[PDB]
Amino acid sequence: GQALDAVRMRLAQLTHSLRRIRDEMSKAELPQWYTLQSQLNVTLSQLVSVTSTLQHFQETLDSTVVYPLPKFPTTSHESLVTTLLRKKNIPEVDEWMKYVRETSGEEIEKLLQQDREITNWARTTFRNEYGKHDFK
Amino acid sequence: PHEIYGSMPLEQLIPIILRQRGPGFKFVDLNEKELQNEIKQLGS
Amino acid sequence: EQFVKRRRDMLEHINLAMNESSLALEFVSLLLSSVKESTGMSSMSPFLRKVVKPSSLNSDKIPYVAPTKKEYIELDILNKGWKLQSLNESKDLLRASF
Amino acid sequence: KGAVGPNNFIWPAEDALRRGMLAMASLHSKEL
Amino acid sequence: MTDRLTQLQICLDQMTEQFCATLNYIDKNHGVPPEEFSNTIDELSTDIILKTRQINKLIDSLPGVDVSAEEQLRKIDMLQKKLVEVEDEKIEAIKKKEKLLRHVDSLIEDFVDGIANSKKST
Amino acid sequence: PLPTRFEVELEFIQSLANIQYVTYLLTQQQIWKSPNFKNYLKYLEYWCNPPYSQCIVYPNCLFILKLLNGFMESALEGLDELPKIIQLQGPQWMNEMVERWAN
Amino acid sequence: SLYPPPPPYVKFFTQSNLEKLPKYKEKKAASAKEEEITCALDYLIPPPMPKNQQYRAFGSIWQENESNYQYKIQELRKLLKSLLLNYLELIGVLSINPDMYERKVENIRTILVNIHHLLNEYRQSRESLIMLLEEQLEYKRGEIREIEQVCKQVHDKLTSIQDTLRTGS
Amino acid sequence: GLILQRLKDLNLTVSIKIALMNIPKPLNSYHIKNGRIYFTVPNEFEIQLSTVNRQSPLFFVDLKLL
Amino acid sequence: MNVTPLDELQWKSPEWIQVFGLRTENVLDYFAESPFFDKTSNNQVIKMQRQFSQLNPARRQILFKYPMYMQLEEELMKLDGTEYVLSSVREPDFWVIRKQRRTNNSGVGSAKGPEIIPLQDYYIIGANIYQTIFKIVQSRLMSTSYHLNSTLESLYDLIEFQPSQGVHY
Amino acid sequence: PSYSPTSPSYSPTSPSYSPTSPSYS
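Residues numbered from 1 in each chain as written, not as in the entry; some residues may be left out. Chains lettered and ligands numbered in written order. Part of a larger assembly, values for the part shown. Heavy atoms only, no water.

As deposited, the entry is annotated with cryo-EM as its determination method and 4.3 Å as its resolution.

**Some thoughts on helix α1 (residues 3-20) of chain H**
Between the first and last C-alpha of α1(H) there are 25 Å, a value that for 18 residues agrees with the 26 Å anticipated at 1.5 Å per step. All of the buried residues along α1(H) are H:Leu7, H:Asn11, H:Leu12, H:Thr13, H:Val14, H:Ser15, H:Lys17 and H:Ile18. (Helix = DSSP H or I, 4+ residues; strand = E, 2+ residues; numbered from the N terminus. Expected span 1.5 Å × (residues − 1). Buried < 20%, exposed > 50% of the residue type's maximum accessible area, 1.4 Å probe, protein only.)

**Let's talk about the arrangement of the chains**
The protein chains that touch form 15 pairs of chains, and the pair with the most contacts between them is chains A and C. Taking C-alpha atoms only, the smallest gap left between chain C and chain E, which are not in contact, amounts to 41 Å. (Contact = heavy atoms within 4.5 Å.)

**Remarks on the interface of chain F and chain D**
Taken together, the contacts link eight residues of chain F with nine residues of chain D. Interface area for chain F against chain D, summed over the two sides, is near 840 Å², with a carbon-plus-sulfur share of 68%. Ranking the residues of chain F by area buried against chain D places F:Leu2, F:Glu11 and F:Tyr58 at the top, with a combined share of 49%. At the boundary of chain F and chain D, one finds one residue pair in polar contact. For the side of chain F that touches chain D, the per-class residue count stands at four nonpolar, two polar and two charged. (Buried area = accessible area lost by both parts, 1.4 Å probe. Polar contact = N/O pair within 3.5 Å; in protein donor to acceptor, adjacent residues only side chain to side chain. Nonpolar A, V, L, I, M, F, W, Y, C, P; charged D, E, K, R; others polar.)

**Remarks on a nonpolar patch on the surface**
Residues and elements named next belong to chain G. Together, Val150, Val154, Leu158, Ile161 and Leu165 line one region of the surface with nonpolar side chains, adding up to about 380 Å² of accessible area. Positionally, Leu158 belongs in helix α4 (residues 125-167). We classify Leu158 as partly exposed; its relative accessible area is 37%. (Patch = residues over 30% accessible without salt bridge, like charges linked within 9 Å, V, L, I, M, F, W, Y side chains within 5 Å. Areas by Shrake-Rupley, 256 points an atom, 1.4 Å probe, with all protein chains shown as cover. Salt bridge = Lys/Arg side-chain N within 4 Å of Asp/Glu carboxyl O.)

**Observations concerning the pattern of salt bridges**
Evaluation of the coordinates by the stated rule reveals 22 salt bridges over all chains. Of the charged contacts, one joins G:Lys78 and G:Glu75 as a salt bridge, the two residues approaching to 3.8 Å between their closest N and O atoms. With a gap of three residues between them, G:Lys78 and G:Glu75 both fall in helix α2 (residues 69-96), about one helical turn apart. A relative accessible area of 22% places G:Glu75 in the partly exposed class. Here the salt bridges share partners, and the residues they tie into one network are A:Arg86, A:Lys88, I:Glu8 and I:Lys135.

Here it is, written out as structure tokens:
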């Protein structure tokens with residue numbers, strides 16, 4: 001419950017930041033560019049923290065089993081239950097990665113290791129380039 | 001079509017005329033000579 | 001007029017983005033309310049407070065699925081795929097910006 | 001409400017369309 | 001208002017329900033004191049008789065119960081005819097009422113102009 | 001035996017009255033994208049006159065297709081609002097259907 | 001699936017087919033001077049009404065001034081009396097020898113069933129037309145009569161005012 | 001449609017309302033047109049007024065400077 | 001070959017509810033023909049055994065309420081493995097089963113009874129059947145991020161810079 | 001305490017994307 005509690009508080013503050021950026025964008029007059037950058041960076045790094053913390057506690061979330069309350073009436077709130085129950089993605093993202101995979105399209109493994117060696121080589125090359133010139 | 005126009009009281013006709021003529025133009029700015037003018041053009 | 005159109009488009013896009021995000025908070029707020037009522041009362045929306053007395057989320061246990069070669073290798077190679085995608089759009093966006 | 005009475009609904013019944021010959025007609029659309 | 005055919009269906013349904021209840025009482029009560037049972041059954045039989053007499057007085061009170069539908073056909077046709085003439089007559093009635101109405105409006109305007117130019121004549 | 005095209009087109013028209021069917025049909029992209037489906041929808045318009053209208057089972061779809069007719073110049077967008085709007089506007093639309101027929 | 005697939009011919013008719021339909025039907029009529037599907041444009045031609053004027057669906061068949069009933073009444077009365085008599089005889093059967101009671105029960109039901117048949121010939125749409133007829137007729141008469149009443153009272157008030165102003169002259 | 005007689009009734013109501021009130025002699029120059037009343041004081045102004053109801057008081061409509 | 005996930009898989013059986021109706025007595029009978037009911041479960045084995053014999057908080061409440069549920073234990077305690085058992089019921093529309101697997105560890109040194117371990121979640125709502133929240137949350141967040149990316153790229157397109165003023169719109 | 005609660009951002013108008021397919025018997 002502790003992990004889900006931390007997820008709750010962090011997601012609540014993320015939703016609060018979203019409500020903020022919403023009600024300062026809803027104005028008919030656009031504020032200064034710099035305030036928009038500050039709000040963007042803060043909210044976006046907060047989203048990063050959301051992702052990282054959700055990553056950290058996957059085991060606690062998975063272990064939990066969902067069950068409706070005995071006191072909760074489904075006869076009158078079945079629509080509300082179904083609203084939270086449904087999880088299928090929005091369609092546009094679906095065909096989005098479908099076209100993405102269409103465009104992308106032992107052989108695969110050796111290309112994978114070739115990518116490994118290119119990555120390592122590029123990292124070493126840029127380390128050497130940084131070391132070549134004194135930046136301090 | 002004219003049933004609705006003839007069946008509504010003036011208290012509701014005034015906002016209809018105001019929104020038809022757009023903002024700024026008051027419901028009384030219309031001229032009777034002007035009125036029979038556009039009546040003549042619409043009758044053609 | 002195109003500025004108004006794009007402003008309306010981004011407004012509706014952010015509204016659509018936040019509508020789904022709200023439901024995550026709506027679900028996750030239940031656990032603390034079940035554990036501690038007073039702290040949890042403020043978390044939910046007034047409509048959800050009216051819907052039911054909140055004790056909804058209770059801790060439960062389920063075992064982890066037995067691992068094998070089947071799904072991790074494909075998961076990671078496909079993650080490689082989406083990140084190669086992200087690299088492609090990274091290069092394209094950087095080229096357009098430059 | 002709990003007793004599903006046949007052939008008397010406000011809206012067309014899903015089971016009526018399932019039992020309707022249009023289902024097999026679509027299935028046998030090749031034969032058409 | 002409630003159509004007498006719907007009332008007839010309600011009456012026959014109530015009659016069927018009353019017979020079902022009476023026979024259920026008979027089946028589940030035969031064996032209760034004989035006097036109370038006899039009194040209750042007398043009440044039920046009086047209910048049966050009364051339901052029968054509303055059935056009789058509703059079945060014979062159906063207009064057109066003893067009238068052949070084809071003279072209803074002519075009477076309905078002539079009803080739409082005389083209807084056509086009655087809205088026609090209402091058309092002349094309303095047009096002459098509007099005529100006298102704007103005669104009244106014209107005299108109102110003339111009298112108002114007379115008042116206005118008389119009280120500004122000094 | 002194989003049903004005639006009369007039966008299948010009439011059953012399609014009467015099934016168009018279902019909100020779930022309309023939502024499912026509009027869910028797929030290629031159904032609305034393809035001009036063939038809307039061409040068939042406009043072709044179906046000629047059933048609002050007798051004696052074809054005497055063969056219908058549910059008159060509500062008579063407006064729904066007409067409402068679907070409006071959908072070709074109102075936009076897909078509005079698919080989400082379809083159940084709410086039909087539930088809200090059922091009273092007045094039923095009243096206007098009654099005025100068209102019962103009077 | 002839950003939803004049956006769209007009809008197949010729906011996909012054959014594009015905008016080009018719609019715009020070329022007039023010349024196609026003109027050519028078809030010129031040539032002509034169950035319909036075989038020789039061309040993709042045949043379906044837009046209105047389908048012909050079946051000669052039998054019948055339509056079958058789900059195992060069921062389907063196809064002027066309003067645009068001795070006493071015999072039926074007395075038959076219904078005697079049937080009701082016989083139904084009451086048979087109910088009495090059946091309950092007497094239940095009283096004395098209930099073992100064969102069903103032997104009469106369905107019999108009574110037949111009479112009841114016959115009553116339903118006696119309703120079928122009496123079927124009421126014309127009666128509903130009549131009742132609606134008189135209700136709107138009386139409503140419009142009430143509206144009309146209140147109209148002349150109110151205009152007459154206004155005219156009487158005007159005449160009284162005219163007399164009053166003439167007296168003040 | 002109804003606009004013509006509505007404006008005529010507005011003109012009549014304005015006329016009777018100004019008949020109710022004793023207009024000053026410098027304001028003796030008045031005009032009635034299109035549900036409006038015009039008071040034109042030369043080299044001073046031209047004020048156009050109207051009313052919604054006979055019991056309701058007059059309200060400002062338009063003004064022009066001379 | 002594209003497979004719809006079983007968690008979102010929803011089965012409807014109008015014929016069964018029309019014939020038998022929804023009840024706790026036949027809720028397992030309703031579930032039997034579903035794809036989610038594994039044919040390798042010991043419940044089906046018990047079903048064939050019964051057929052051959054014939055031919056030849058709320059957990060305790062539902063425990064004590066029904067005798068067929070009793071018979072379910074006295075026929076299920078002997079067979080260990082994947083088994084289907086009811087979780088809770090509120091009439092006349094809501095039923096949920098408990099998907100657990102049993103390993104009767106009768107080894108020496110374990111004073112506990114047979115081990116019960118969850119496997120899946122199943123919810124019977126009306127005539128429909130429903131079967132991770134982590135996936136829901138990540139999906140919502142990723143779609144939100146996609147929409148945010150679209151909005152921000154559009155806004156950056158709207159941005160215009162000048163050296164003498166800075167950035168304006 | 002709590003500076004401000006979150007505004008109710010329910011979206012019942014969302015049509016949902018539940019896949020329905022195993023209806024035929």
